[PDB]
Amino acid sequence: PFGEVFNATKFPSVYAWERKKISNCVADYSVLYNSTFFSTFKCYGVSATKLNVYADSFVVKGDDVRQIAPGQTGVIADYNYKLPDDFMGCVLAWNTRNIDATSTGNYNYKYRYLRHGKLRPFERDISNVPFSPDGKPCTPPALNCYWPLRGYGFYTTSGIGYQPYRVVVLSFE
């Protein structure tokens, strides 16, 4: 049932990542071992099998993939998806510049750049409320009021670190 996660035609925005649950399945992981189609695979457990899981999907900028790991600084890990310093499974990523990017621009994929306090591991904020660095309601155009959600904008002639990457984060409990 992993083909339904990885080969899924469409992926979510990090600010609204999708956790698929997998129970009562048997998979080999080898459909993942044999893959130079993957620009990242850093596991945090092993690389063996037990043929028994939580798959989280989203898209991020190439240079952002570094933040999908325990400890990592901020912005994406701070406000969108934060792995736990604690336990862990694996983090997989692949370049999709011909799928999620266009020559004219692709701004469908969003992320959160403003917030009050960081997220706890696996937390998910899908609120969209005008932001002010000090509580207070807002009403843009008003100054010091900004919309917390922002679009990536993936151009197909951009640099590698600026191209879209689909990421799946498997979690064993």
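The first residue of the shown sequence is 1; numbering continues from there.
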**OP:** Answer with none, 1 to 3, 4 to 9, or 10 or more: how many deposited residues between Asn52 and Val53 are not present in the coordinates.
**Re:** 4 to 9
Subject >> Of 59 to 67 and 136 to 144, the one with larger mean CA B-factor >> reply: 136 to 144
**OP:** Report the stretch with the higher mean CA temperature factor, choosing between 155 to 163 and 15 to 23 on the basis of the entry.
**Re:** 15 to 23
**OP:** Go through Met88, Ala77, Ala101, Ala93 one by one and give the residue whose Cα B-factor in the PDB entry is largest.
**Re:** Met88
Subject >> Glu123 - which third its CA temperature factor falls in, relative to the rest of the chain >> reply: middle
**OP:** Pull the Cα B-factor of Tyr107 out of the PDB entry and bin it into the chain's lowest, middle or highest third.
**Re:** lowest
Original post:
When the modelled residues of the chain are sorted by Cα temperature factor, does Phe131 land in the lowest, middle or highest third?
Top reply: middle
